[PDB]
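Visitor:
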Amino acid sequence: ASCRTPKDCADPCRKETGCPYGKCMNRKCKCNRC
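With the authors' numbering as the guide, the letters of the sequence shown map in order to residues 1 to 34.
#1: Alpha carbon to alpha carbon, what distance is there between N32 and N26?
#2: Mapping the DSSP letters down to three states, classify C19 as helix, strand or coil.
#3: Measure the alpha-carbon distance for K30 versus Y21 and round it to whole angstroms.
#4: Kindly identify the DSSP beta-bridge partner or partners of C29.
#5: Does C13 pass the burial test, meaning 16 or more other C-beta atoms within 10 Å, or should it be called exposed?
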């Protein structure tokens, strides 16, 4: 998972949790796994 923007992890997060949420760190990717 590599993002460019916060909502860019929405694609991986949609794989991770299934929800198109999340945030992108300076050079990291985060999802809102809830």
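For each residue, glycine too, the CB sits at the ideal point set by N, CA and C.
Guide: Quick answer:
#1: 17 Å
#2: coil
#3: 9 Å
#4: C24
#5: buried
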